[PDB]
Structure formats: structure tokens, C-alpha cells
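All remarks here apply to the structure that follows.
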Amino acid sequence: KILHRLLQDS
Amino acid sequence: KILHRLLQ
Amino acid sequence: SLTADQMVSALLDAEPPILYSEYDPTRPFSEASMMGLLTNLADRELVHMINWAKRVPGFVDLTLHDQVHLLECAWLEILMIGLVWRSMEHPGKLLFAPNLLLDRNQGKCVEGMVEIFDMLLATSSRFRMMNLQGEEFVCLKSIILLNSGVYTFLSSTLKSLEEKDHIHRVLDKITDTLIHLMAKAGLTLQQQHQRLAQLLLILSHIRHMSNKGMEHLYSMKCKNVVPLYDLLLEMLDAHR
Amino acid sequence: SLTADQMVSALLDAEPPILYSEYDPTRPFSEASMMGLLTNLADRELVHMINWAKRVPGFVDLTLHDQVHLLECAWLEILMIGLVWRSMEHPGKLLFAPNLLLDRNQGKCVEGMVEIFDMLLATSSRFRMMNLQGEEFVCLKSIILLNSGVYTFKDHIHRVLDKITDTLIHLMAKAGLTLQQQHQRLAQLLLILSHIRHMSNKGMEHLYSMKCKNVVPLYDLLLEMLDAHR
Ligand SMILES: C[C@]12CC[C@H]3[C@@H](CC=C4C[C@@H](O)CC[C@@]43C)[C@@H]1CC[C@@H]2O
Ligand SMILES: C[C@]12CC[C@H]3[C@@H](CC=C4C[C@@H](O)CC[C@@]43C)[C@@H]1CC[C@@H]2O
């Protein structure tokens, strides 16, 4: 979940 | 030590 | 000392046979009956591998303690790449034996095993895609024997290989032998370094498969699922 | 769309920094104190590797599910090859951080750590013996990111991997190496990747076992990466 969010980050 | 023996 | 073609012919001469499984096992496959057939086959294959390793050019030049370390390091990789090779012309199937052609769904009889089944089938599907030749296969199998234990410190021994310089010399000869085989296939210079790279990159996945299969076989022994024969027991015990 | 020189330039520009460890740790190292330092550093490096991956040519063009899989399968291989690289000019020592210089004797405080330490030191010595250049190192790291998970999901990743192979060959050719030297050195580098994959496998089981002894702190990202292999 964390890697999921950090990948689509700006 | 079976492999040790089969090599010798 | 040998030439590139002398290297290939010697490796083709030392190829171990394709053994068989039991001709009438338990008709509905069980977890213990499946692991019993696989461990019985592997224990018989290991005897032929020890004799094959002695015929790999440059292997007899090592000391006895260097010979054992390389074999306990790569015995599962060699057995796995051999299975992947004979499973090439059988999509979605693994030729463990001519009388034991197992599919992907049949691998689910052993818990936590279909993950390795899929990894082995993907390796076989890639060799089929690149149309791997038998001369390339015996070359990669020898690279595994000499390279898988050069920098490896086994947990049961806390030591590694001694004759480092001698191994890299033989590995350079097989590299020339591989490139020589790609030239005879009419490949270009650019196509040669790319195919050589793709072949050696799969050796990383085979190394990963062996580590996953080593931990699985250890749990099967600890769960009393299948007793392990003394030779196969000693090969597995060299990693704990 | 990038030539060989543009690929090396892009990979070098995206290199992650070298992070620091704690400046006043517990003077007598314990299994818990040592595991906490390495896990805290790994958890901070993971944020940097996620951003380094997005700047690897061709990684953004993958699906978001594909990007997660590749990072889950190769995060430990990438952290390890980075440690091996910065430890090259320090024989017998692993430079986890500029303020964390440990040898194989200091690794004895953690159960089952010394064999992993010896394997990491052996890779650093081999990198020293082959005179590995920073341009070759960034190519090997990009290969690990794309190759470690390709056989666990395919066509697009193989095409990028072929371009990195062309890039590595172009580096050795521009370095004055003969064609025979070129495939010989290329094979020596790619065979090391098999040992790095083996090191991450052994390190993954060690971190898993240290979590059972409740030694791994609550580092959510690191636990998430480790959970991907359970
Ligand atoms: C080791 C396992 C049993 C033995 C299997 C291995 C996968 C591939 C092979 C090669 C074949 O020639 C003999 C069985 C052998 C060696 C399996 C992976 C999980 C299971 O424990
Ligand atoms: C994962 C372990 C803790 C974290 C260690 C790893 C060895 C190498 C590295 C790379 C370094 O940059 C951060 C720590 C990291 C990632 C260790 C091997 C055993 C232990 O579980």
C-alpha cells in the first residue's frame, strides 16, 4: 500500500 | 560424507 | 587445453541419462506420494550428476574440498535446469520423467509448490522462445557448476571456494565457447552479446528457483511429509 | 529514444545519495541494536530507490502494477549492490554508511549474519578485482531492477534489457577492450548478478527470522517489501 502510493506520487 | 566418498 | 568444439563434444559426451519414475504410483496423487516420487528421482539423479561433474573439463583439477563445495552449492540448480531442458517441447508441462509428465494444476497437491512449478515452466517457456540449442544447454549447465559456489559462503560451513583464479579461467573458456556457438548460428556481432546476456540472466532466475526449492524441501522434511534418502539428505543439510 | 551515451548520462543523474546512520549508537553492538540500525537505514533508502526507479529509462512507461512487482522482487538486490559498490575501496569492511564501517567480526553479534557479511565482502573484492567503473555499476543496477521479476509476472522489459546490454558493450568498446574481452567481461558482470540474487535470497530469510525474534522495528515500508516475499 505504501509502495503503491509512493509510486504515483509527484 | 557420501558425496565426499563418491568423488574419491 | 581443449578447443571450443572439443569443449562442446566433451560436454555432450558426459550428459547424464534421463531416469524414470515408478511405473504404477498412487493413482490419485497425494502430497506425500508426489514428494516421494520427486525425492526418489532426485536421489537417483544425484549419483549420475557426481559422475558427470568429474567429466566437466577443469573440475578434476580442483582440490577435494573445493569439489564438494561447488556440488553442494549447485546440485539443485543443475537438477532444475535439466528438468527445464527436457520440458522445453511440452508447453505447460514439466517432464520430470518420461512416465511423469506433470502439468501446472497437478503441482498444487504439495502445499507451497505451484509457485515453483510456475517458475520452472516460465524458464522452459523462455528457452523455447529463444530456441535454445543442446550445445548451449550443456554450456550453461557447466557454468552453473563452476560459478554457483565461487563467492558463496554456505551456512553449514561458513567458508567459500579457494581456487578463485582457476575457476574464472575455465568460465572465460565457456564464454568463448558460447559466443562461438552463436556465430555458427549465423548471428551478428550485436545479436551475439544480446543473446549471451539473455542466457546468463536466466541463470539468476535458476539460482532464485533453487533457493526457493531448497527452503520448500526443508519444510517438507521437518513436517515428516517425506523421509529423505541419505545422499539427498546430505545435499540439503549442507545449506542449513 | 536514447542513445548509449544518453542512457549512461540519465542513469548517472538519477543516482540515489549515500545516507548516514546514527551518530551516537550503542557503543557495544547488540543483535537488537545492530538490526535496528540496518533496518532503519534500509527503510530510509527505500524511499530513495522508489524515486530512482521512476527515472530509469522505460520504467515509468510500465503499468503501475508492473512497477510494484519489479520493485518488490529486486529491492534487496538493489540495496545490496549499492553497499557492495561503496565498500570497494575498504577491504574487509562494509560501508553501510560513512559513519558505519563494520567488518566480519562486528557481524558476529547478529545470529546468522557472518555468512551474509562474508558473501557481501566477497562481491566487493571481486568488484575491486575487475576494476568496476561507475558507468558499469549503474547499468548493472538497472538490469537488476528490470530482470529480477520478469520471470514471476514481459516483451517490453526484454527490449529495454537488450538496450542496456548494448550500452554495456558500448562502454567496454569505448574503453579500448577487444571484442573477445567484451563478451568475456560482460559474462563476468552478469554472472555476479547470480550471486547477488543468491545473497538477497539468504538475506530475505534472515530478516524474516529476525522478525520472529521480534528484532525488526515497525518500519512499515520495509515490512511491506519483506511481506511481498512471505
Ligand atoms: C525440491 C522439490 C522436490 C524435488 C524437485 C524440485 C524441482 C525440480 C527437480 C528436478 C528433477 O530432475 C528432480 C526433482 C527436483 C529436484 C522440487 C521443488 C520443491 C520440492 O521440495
Ligand atoms: C536485511 C538485513 C538487514 C538490512 C541490510 C542487509 C545487508 C545490506 C544492506 C544494504 C544497506 O544499504 C542497508 C541495509 C541492508 C539492506 C541485511 C542482511 C540480513 C538482515 O536481515
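We label chains A, B, ... in the order they appear in the C-alpha cells, count residues from 1 in each chain, and number ligands from 1 in the order shown.
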
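Residues of protein, DNA or RNA having any atom at most 7 Å from ligand 1, counting only C-alpha atoms and all ligand atoms, are residues 35, 38, 39, 41, 42, 45, 76, 79, 80, 82, 83, 96, 113, 116, 213, 214, 216, 217 and 220 of chain C.
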
Per-residue nearest contacts of chain D to ligand 2 (8 Å; only C-alpha atoms and all ligand atoms) as JSON lines:
```
{"residue": "D:35", "atom": "CA", "partner": "ligand 2", "partner_atom_place_in_ligand_line": "3 (C)", "distance": 6.3}
{"residue": "D:38", "atom": "CA", "partner": "ligand 2", "partner_atom_place_in_ligand_line": "14 (C)", "distance": 4.6}
{"residue": "D:39", "atom": "CA", "partner": "ligand 2", "partner_atom_place_in_ligand_line": "4 (C)", "distance": 5.2}
{"residue": "D:41", "atom": "CA", "partner": "ligand 2", "partner_atom_place_in_ligand_line": "13 (C)", "distance": 5.4}
{"residue": "D:42", "atom": "CA", "partner": "ligand 2", "partner_atom_place_in_ligand_line": "13 (C)", "distance": 4.3}
{"residue": "D:45", "atom": "CA", "partner": "ligand 2", "partner_atom_place_in_ligand_line": "12 (O)", "distance": 7.0}
{"residue": "D:76", "atom": "CA", "partner": "ligand 2", "partner_atom_place_in_ligand_line": "16 (C)", "distance": 6.0}
{"residue": "D:79", "atom": "CA", "partner": "ligand 2", "partner_atom_place_in_ligand_line": "10 (C)", "distance": 4.4}
{"residue": "D:80", "atom": "CA", "partner": "ligand 2", "partner_atom_place_in_ligand_line": "10 (C)", "distance": 4.5}
{"residue": "D:81", "atom": "CA", "partner": "ligand 2", "partner_atom_place_in_ligand_line": "10 (C)", "distance": 7.6}
{"residue": "D:82", "atom": "CA", "partner": "ligand 2", "partner_atom_place_in_ligand_line": "12 (O)", "distance": 6.3}
{"residue": "D:83", "atom": "CA", "partner": "ligand 2", "partner_atom_place_in_ligand_line": "12 (O)", "distance": 5.0}
{"residue": "D:96", "atom": "CA", "partner": "ligand 2", "partner_atom_place_in_ligand_line": "11 (C)", "distance": 5.3}
{"residue": "D:97", "atom": "CA", "partner": "ligand 2", "partner_atom_place_in_ligand_line": "12 (O)", "distance": 7.6}
{"residue": "D:113", "atom": "CA", "partner": "ligand 2", "partner_atom_place_in_ligand_line": "19 (C)", "distance": 6.1}
{"residue": "D:116", "atom": "CA", "partner": "ligand 2", "partner_atom_place_in_ligand_line": "18 (C)", "distance": 6.4}
{"residue": "D:117", "atom": "CA", "partner": "ligand 2", "partner_atom_place_in_ligand_line": "7 (C)", "distance": 7.7}
{"residue": "D:120", "atom": "CA", "partner": "ligand 2", "partner_atom_place_in_ligand_line": "7 (C)", "distance": 7.9}
{"residue": "D:200", "atom": "CA", "partner": "ligand 2", "partner_atom_place_in_ligand_line": "18 (C)", "distance": 7.7}
{"residue": "D:202", "atom": "CA", "partner": "ligand 2", "partner_atom_place_in_ligand_line": "19 (C)", "distance": 7.7}
{"residue": "D:203", "atom": "CA", "partner": "ligand 2", "partner_atom_place_in_ligand_line": "18 (C)", "distance": 4.3}
{"residue": "D:204", "atom": "CA", "partner": "ligand 2", "partner_atom_place_in_ligand_line": "1 (C)", "distance": 6.2}
{"residue": "D:205", "atom": "CA", "partner": "ligand 2", "partner_atom_place_in_ligand_line": "21 (O)", "distance": 7.3}
{"residue": "D:206", "atom": "CA", "partner": "ligand 2", "partner_atom_place_in_ligand_line": "21 (O)", "distance": 4.6}
{"residue": "D:207", "atom": "CA", "partner": "ligand 2", "partner_atom_place_in_ligand_line": "21 (O)", "distance": 3.4}
{"residue": "D:208", "atom": "CA", "partner": "ligand 2", "partner_atom_place_in_ligand_line": "21 (O)", "distance": 7.1}
{"residue": "D:210", "atom": "CA", "partner": "ligand 2", "partner_atom_place_in_ligand_line": "21 (O)", "distance": 6.8}
```

Would you output that residue set with C-alpha atoms, as a PDB file, in the first residue's frame?
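Output below, filename part.pdb:
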```pdb
ATOM      1  CA  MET D  35      19.446  -4.953  13.496  1.00  0.00           C
ATOM      2  CA  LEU D  38      20.461  -1.678   9.417  1.00  0.00           C
ATOM      3  CA  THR D  39      16.658  -1.760   9.191  1.00  0.00           C
ATOM      4  CA  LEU D  41      18.841   2.654   7.067  1.00  0.00           C
ATOM      5  CA  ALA D  42      17.104   0.254   4.675  1.00  0.00           C
ATOM      6  CA  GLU D  45      16.919   4.091   1.367  1.00  0.00           C
ATOM      7  CA  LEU D  76      17.073  -6.112  -1.567  1.00  0.00           C
ATOM      8  CA  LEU D  79      20.260  -2.178  -1.662  1.00  0.00           C
ATOM      9  CA  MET D  80      22.957  -4.863  -1.520  1.00  0.00           C
ATOM     10  CA  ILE D  81      24.723  -3.955  -4.773  1.00  0.00           C
ATOM     11  CA  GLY D  82      24.779  -0.343  -3.589  1.00  0.00           C
ATOM     12  CA  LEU D  83      26.504  -1.371  -0.363  1.00  0.00           C
ATOM     13  CA  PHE D  96      26.799   0.645   5.290  1.00  0.00           C
ATOM     14  CA  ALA D  97      27.169   4.394   5.882  1.00  0.00           C
ATOM     15  CA  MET D 113      24.893 -12.543   9.881  1.00  0.00           C
ATOM     16  CA  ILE D 116      25.938 -12.820   4.596  1.00  0.00           C
ATOM     17  CA  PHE D 117      28.730 -10.420   5.575  1.00  0.00           C
ATOM     18  CA  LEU D 120      28.967  -9.217   0.603  1.00  0.00           C
ATOM     19  CA  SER D 200      19.169 -11.327  -1.434  1.00  0.00           C
ATOM     20  CA  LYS D 202      19.617 -15.545   2.036  1.00  0.00           C
ATOM     21  CA  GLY D 203      19.142 -12.032   3.408  1.00  0.00           C
ATOM     22  CA  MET D 204      15.377 -12.235   2.917  1.00  0.00           C
ATOM     23  CA  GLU D 205      15.183 -15.364   5.080  1.00  0.00           C
ATOM     24  CA  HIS D 206      17.406 -13.753   7.723  1.00  0.00           C
ATOM     25  CA  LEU D 207      15.204 -10.657   8.003  1.00  0.00           C
ATOM     26  CA  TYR D 208      12.167 -12.947   8.208  1.00  0.00           C
ATOM     27  CA  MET D 210      14.746 -11.758  12.874  1.00  0.00           C
TER      28      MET D 210
END
```

Selection: 7 Å around range 132-141 of chain D, only C-alpha atoms, excl. self and same-chain fewer than 5 positions, as number ranges by chain: D: 8, 11-12, 78, 127, 164, 168

Just the selected residues (N, CA, C and O atoms), exported as an mmCIF file, in the first residue's frame, please.
```cif
data_model
loop_
_atom_site.group_PDB
_atom_site.id
_atom_site.type_symbol
_atom_site.label_atom_id
_atom_site.label_comp_id
_atom_site.auth_asym_id
_atom_site.auth_seq_id
_atom_site.Cartn_x
_atom_site.Cartn_y
_atom_site.Cartn_z
ATOM 1 N N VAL D 8 23.641 6.295 -20.287
ATOM 2 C CA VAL D 8 24.579 6.393 -19.170
ATOM 3 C C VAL D 8 24.415 7.726 -18.454
ATOM 4 O O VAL D 8 24.469 7.796 -17.220
ATOM 5 N N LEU D 11 21.221 7.596 -16.305
ATOM 6 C CA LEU D 11 21.360 6.728 -15.141
ATOM 7 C C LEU D 11 22.253 7.358 -14.081
ATOM 8 O O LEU D 11 21.995 7.218 -12.880
ATOM 9 N N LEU D 12 23.309 8.058 -14.503
ATOM 10 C CA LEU D 12 24.198 8.697 -13.540
ATOM 11 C C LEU D 12 23.530 9.886 -12.862
ATOM 12 O O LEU D 12 23.795 10.155 -11.685
ATOM 13 N N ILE D 78 19.017 -4.475 -4.958
ATOM 14 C CA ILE D 78 19.472 -3.122 -5.266
ATOM 15 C C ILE D 78 20.172 -2.505 -4.061
ATOM 16 O O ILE D 78 21.215 -1.853 -4.199
ATOM 17 N N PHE D 127 34.463 -7.016 -7.331
ATOM 18 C CA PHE D 127 34.309 -5.726 -7.996
ATOM 19 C C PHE D 127 35.631 -4.971 -8.031
ATOM 20 O O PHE D 127 35.957 -4.312 -9.026
ATOM 21 N N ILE D 164 20.315 -2.029 -22.534
ATOM 22 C CA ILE D 164 21.342 -1.912 -21.505
ATOM 23 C C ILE D 164 22.524 -2.814 -21.832
ATOM 24 O O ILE D 164 23.675 -2.479 -21.521
ATOM 25 N N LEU D 168 26.281 -1.463 -22.183
ATOM 26 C CA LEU D 168 27.461 -2.006 -21.516
ATOM 27 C C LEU D 168 28.546 -2.365 -22.522
ATOM 28 O O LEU D 168 29.733 -2.110 -22.285
#
```

Can you tell me which residues surround range 7-11 of chain C at a distance of at most 8 Å, considering only C-alpha atoms, apart from same-chain residues fewer than 6 positions away, and format the answer as a ChimeraX atom specification? /C:55-57,135,138-139,174,177

So which residues of range 73-240 of chain C fall under alpha helix (DSSP H) by DSSP, listed as an MDAnalysis selection string? chainID C and resid 73:86 114:129 134:147 164:184 189:222 230:237

Could you list, as a list in words, the residues of chain C having an atom within 9 Å of chain B when counting only C-alpha atoms? residues 47, 50, 51, 54, 64, 65, 67, 68, 71, 72, 230, 231, 234 and 235 of chain C

Could you please take those selected residues and save N, CA and C atoms as a compact mmCIF listing (two decimals), in the first residue's frame?
```txt
# COMPACT_ATOMS: atom_id res chain seq x y z
N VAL C 47 23.44 -39.31 -8.15
CA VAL C 47 24.56 -40.22 -8.38
C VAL C 47 25.13 -40.01 -9.78
N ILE C 50 27.21 -36.61 -9.95
CA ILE C 50 28.56 -36.66 -9.40
C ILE C 50 29.54 -37.19 -10.44
N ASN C 51 29.12 -38.22 -11.19
CA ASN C 51 29.98 -38.74 -12.25
C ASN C 51 30.06 -37.77 -13.42
N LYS C 54 32.61 -34.91 -12.61
CA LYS C 54 34.01 -35.30 -12.78
C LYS C 54 34.47 -35.20 -14.23
N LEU C 64 39.84 -31.55 -3.31
CA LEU C 64 38.64 -32.31 -2.95
C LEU C 64 37.64 -31.45 -2.19
N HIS C 65 38.13 -30.58 -1.30
CA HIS C 65 37.21 -29.72 -0.56
C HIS C 65 36.62 -28.63 -1.44
N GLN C 67 35.91 -29.33 -4.64
CA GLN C 67 34.96 -30.07 -5.46
C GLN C 67 33.62 -30.23 -4.75
N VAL C 68 33.66 -30.57 -3.46
CA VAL C 68 32.41 -30.77 -2.72
C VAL C 68 31.65 -29.45 -2.59
N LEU C 71 29.58 -28.62 -5.52
CA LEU C 71 28.47 -29.53 -5.79
C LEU C 71 27.32 -29.32 -4.81
N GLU C 72 27.60 -29.14 -3.52
CA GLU C 72 26.53 -28.81 -2.58
C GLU C 72 25.93 -27.44 -2.86
N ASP C 230 19.72 -40.75 2.17
CA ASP C 230 20.91 -40.26 2.86
C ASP C 230 21.70 -39.28 2.00
N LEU C 231 21.83 -39.55 0.70
CA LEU C 231 22.56 -38.63 -0.16
C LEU C 231 21.80 -37.32 -0.34
N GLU C 234 22.02 -35.33 2.77
CA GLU C 234 23.29 -34.65 2.98
C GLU C 234 23.43 -33.43 2.07
N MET C 235 22.89 -33.51 0.85
CA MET C 235 22.93 -32.36 -0.05
C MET C 235 22.10 -31.21 0.49
```

For CA of residue 210 in chain C and CA of residue 31 in chain C, the interatomic separation in Å (one decimal): 20.1 Å

Just list the residues in range 46-228 of chain D DSSP gives strand (DSSP E) on the backbone, as JSON, numbers by chain. {"D": [93, 94, 95, 96, 97, 100, 101, 102, 103]}

Please provide as a ChimeraX atom specification all residues within 10 Å of residue 6 in chain A, with the sequence filter that same-chain residues fewer than 5 positions apart are discarded (counting only C-alpha atoms). /A:1 /D:47,50-51

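Residue-level contacts from chain A to chain D at 8 Å, counting only C-alpha atoms, read residues 1, 2, 3, 4, 6, 7 and 8 of chain A.
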
Please produce a file of those selected residues containing N, CA and C atoms, as a PDB file, in the first residue's frame.
```pdb
ATOM      1  N   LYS A   1       0.825  -1.203   0.000  1.00  0.00           N
ATOM      2  CA  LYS A   1       0.000   0.000   0.000  1.00  0.00           C
ATOM      3  C   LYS A   1       0.863   1.259   0.000  1.00  0.00           C
ATOM      4  N   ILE A   2       1.940   1.237   0.786  1.00  0.00           N
ATOM      5  CA  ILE A   2       2.828   2.393   0.863  1.00  0.00           C
ATOM      6  C   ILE A   2       3.624   2.540  -0.428  1.00  0.00           C
ATOM      7  N   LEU A   3       4.209   1.441  -0.909  1.00  0.00           N
ATOM      8  CA  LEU A   3       4.874   1.466  -2.207  1.00  0.00           C
ATOM      9  C   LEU A   3       3.905   1.860  -3.313  1.00  0.00           C
ATOM     10  N   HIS A   4       2.636   1.469  -3.181  1.00  0.00           N
ATOM     11  CA  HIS A   4       1.626   1.854  -4.161  1.00  0.00           C
ATOM     12  C   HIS A   4       1.459   3.368  -4.216  1.00  0.00           C
ATOM     13  N   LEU A   6       3.636   5.747  -2.993  1.00  0.00           N
ATOM     14  CA  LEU A   6       4.879   6.444  -3.304  1.00  0.00           C
ATOM     15  C   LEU A   6       5.230   6.380  -4.784  1.00  0.00           C
ATOM     16  N   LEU A   7       4.665   5.426  -5.527  1.00  0.00           N
ATOM     17  CA  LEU A   7       4.977   5.314  -6.946  1.00  0.00           C
ATOM     18  C   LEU A   7       4.209   6.338  -7.776  1.00  0.00           C
ATOM     19  N   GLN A   8       2.915   6.505  -7.509  1.00  0.00           N
ATOM     20  CA  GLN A   8       2.115   7.502  -8.210  1.00  0.00           C
ATOM     21  C   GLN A   8       2.302   8.907  -7.653  1.00  0.00           C
TER      22      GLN A   8
END
```

Chain D proximity check over C:60, C:183, C:122, C:12, using only C-alpha atoms: winner is C:122

Neighbour list for residue 171 in chain C as a ChimeraX atom specification, cut-off 10 Å, only C-alpha atoms, skip fewer than 4 positions in-chain: /C:58,139,142-144,146-147,166-167,175-177 /D:184,187-188,191

Take the selection from the previous step and output its residues with N, CA, C and O atoms, as a PDB file, in the first residue's frame.
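Produced file again.pdb, reproduced below:
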```pdb
ATOM      1  N   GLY C  58      38.147 -29.320 -16.356  1.00  0.00           N
ATOM      2  CA  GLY C  58      38.670 -28.448 -15.328  1.00  0.00           C
ATOM      3  C   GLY C  58      38.193 -28.755 -13.924  1.00  0.00           C
ATOM      4  O   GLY C  58      38.712 -28.163 -12.970  1.00  0.00           O
ATOM      5  N   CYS C 139      26.553 -26.030 -22.031  1.00  0.00           N
ATOM      6  CA  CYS C 139      27.463 -24.965 -21.626  1.00  0.00           C
ATOM      7  C   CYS C 139      26.948 -24.252 -20.382  1.00  0.00           C
ATOM      8  O   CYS C 139      27.702 -24.013 -19.432  1.00  0.00           O
ATOM      9  N   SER C 142      27.334 -26.310 -17.198  1.00  0.00           N
ATOM     10  CA  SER C 142      28.686 -26.312 -16.649  1.00  0.00           C
ATOM     11  C   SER C 142      29.023 -24.984 -15.986  1.00  0.00           C
ATOM     12  O   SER C 142      29.761 -24.959 -14.994  1.00  0.00           O
ATOM     13  N   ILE C 143      28.499 -23.875 -16.517  1.00  0.00           N
ATOM     14  CA  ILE C 143      28.692 -22.579 -15.874  1.00  0.00           C
ATOM     15  C   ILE C 143      28.087 -22.589 -14.477  1.00  0.00           C
ATOM     16  O   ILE C 143      28.670 -22.059 -13.525  1.00  0.00           O
ATOM     17  N   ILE C 144      26.911 -23.205 -14.334  1.00  0.00           N
ATOM     18  CA  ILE C 144      26.261 -23.287 -13.029  1.00  0.00           C
ATOM     19  C   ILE C 144      27.140 -24.038 -12.037  1.00  0.00           C
ATOM     20  O   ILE C 144      27.275 -23.634 -10.876  1.00  0.00           O
ATOM     21  N   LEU C 146      30.398 -24.374 -11.915  1.00  0.00           N
ATOM     22  CA  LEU C 146      31.631 -23.695 -11.542  1.00  0.00           C
ATOM     23  C   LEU C 146      31.399 -22.332 -10.906  1.00  0.00           C
ATOM     24  O   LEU C 146      32.238 -21.877 -10.119  1.00  0.00           O
ATOM     25  N   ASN C 147      30.285 -21.671 -11.216  1.00  0.00           N
ATOM     26  CA  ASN C 147      30.063 -20.298 -10.774  1.00  0.00           C
ATOM     27  C   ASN C 147      29.174 -20.183  -9.545  1.00  0.00           C
ATOM     28  O   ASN C 147      29.307 -19.213  -8.791  1.00  0.00           O
ATOM     29  N   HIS C 166      41.442 -20.035 -10.778  1.00  0.00           N
ATOM     30  CA  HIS C 166      41.324 -21.132 -11.732  1.00  0.00           C
ATOM     31  C   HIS C 166      39.911 -21.232 -12.295  1.00  0.00           C
ATOM     32  O   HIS C 166      39.729 -21.546 -13.477  1.00  0.00           O
ATOM     33  N   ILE C 167      38.901 -20.964 -11.466  1.00  0.00           N
ATOM     34  CA  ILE C 167      37.518 -21.100 -11.912  1.00  0.00           C
ATOM     35  C   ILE C 167      37.186 -20.056 -12.972  1.00  0.00           C
ATOM     36  O   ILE C 167      36.564 -20.367 -13.994  1.00  0.00           O
ATOM     37  N   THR C 175      32.640 -19.014 -21.958  1.00  0.00           N
ATOM     38  CA  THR C 175      32.093 -17.802 -22.559  1.00  0.00           C
ATOM     39  C   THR C 175      32.473 -17.710 -24.032  1.00  0.00           C
ATOM     40  O   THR C 175      31.629 -17.424 -24.889  1.00  0.00           O
ATOM     41  N   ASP C 176      33.747 -17.963 -24.344  1.00  0.00           N
ATOM     42  CA  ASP C 176      34.168 -18.034 -25.739  1.00  0.00           C
ATOM     43  C   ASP C 176      33.442 -19.154 -26.471  1.00  0.00           C
ATOM     44  O   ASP C 176      33.068 -19.004 -27.641  1.00  0.00           O
ATOM     45  N   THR C 177      33.233 -20.286 -25.794  1.00  0.00           N
ATOM     46  CA  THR C 177      32.524 -21.402 -26.411  1.00  0.00           C
ATOM     47  C   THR C 177      31.078 -21.037 -26.715  1.00  0.00           C
ATOM     48  O   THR C 177      30.547 -21.402 -27.771  1.00  0.00           O
TER      49      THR C 177
ATOM     50  N   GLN D 184      33.744 -11.519 -22.719  1.00  0.00           N
ATOM     51  CA  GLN D 184      34.299 -12.117 -21.510  1.00  0.00           C
ATOM     52  C   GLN D 184      33.987 -11.269 -20.284  1.00  0.00           C
ATOM     53  O   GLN D 184      33.628 -11.805 -19.230  1.00  0.00           O
ATOM     54  N   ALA D 187      30.131 -11.306 -19.552  1.00  0.00           N
ATOM     55  CA  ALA D 187      29.721 -12.526 -18.867  1.00  0.00           C
ATOM     56  C   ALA D 187      30.123 -12.500 -17.397  1.00  0.00           C
ATOM     57  O   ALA D 187      29.379 -12.982 -16.535  1.00  0.00           O
ATOM     58  N   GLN D 188      31.297 -11.941 -17.090  1.00  0.00           N
ATOM     59  CA  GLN D 188      31.745 -11.881 -15.702  1.00  0.00           C
ATOM     60  C   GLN D 188      30.854 -10.970 -14.867  1.00  0.00           C
ATOM     61  O   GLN D 188      30.610 -11.243 -13.686  1.00  0.00           O
ATOM     62  N   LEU D 191      27.349 -12.807 -14.447  1.00  0.00           N
ATOM     63  CA  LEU D 191      27.413 -13.950 -13.543  1.00  0.00           C
ATOM     64  C   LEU D 191      27.426 -13.506 -12.085  1.00  0.00           C
ATOM     65  O   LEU D 191      26.940 -14.235 -11.212  1.00  0.00           O
TER      66      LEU D 191
END
```

Distance cut-off 8 Å, counting only C-alpha atoms - which residues of chain C neighbour chain D? Return them as number ranges by chain. C: 118-119, 122-123, 147-148, 151-155, 158-159, 172, 175-176, 179, 190, 193-194, 196-197, 200-201, 203-205, 207-208, 211

Find the residues near residue 233 in chain C: any atom within 10 Å, counting only C-alpha atoms, skip ones fewer than 5 places away on the same chain, and give them as a PyMOL selection string. chain C and resi 39+43+217-218+221+227-228+238

Selection to disk with C-alpha atoms, as a PDB file, in the first residue's frame:
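out_26.pdb, written as the output of this step:
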```
ATOM      1  CA  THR C  39      12.828 -37.149  -3.963  1.00  0.00           C
ATOM      2  CA  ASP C  43      18.354 -39.035  -5.204  1.00  0.00           C
ATOM      3  CA  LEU C 217      12.218 -29.277   0.651  1.00  0.00           C
ATOM      4  CA  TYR C 218      13.499 -28.427   4.135  1.00  0.00           C
ATOM      5  CA  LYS C 221      11.396 -32.899   5.797  1.00  0.00           C
ATOM      6  CA  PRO C 227      11.749 -39.144   4.531  1.00  0.00           C
ATOM      7  CA  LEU C 228      14.885 -38.080   2.681  1.00  0.00           C
ATOM      8  CA  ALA C 238      24.807 -28.623   3.521  1.00  0.00           C
TER       9      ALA C 238
END
```

Report, in Å with one decimal, the straight-line distance from CA of residue 25 in chain C to CA of residue 37 in chain C. 8.2 Å
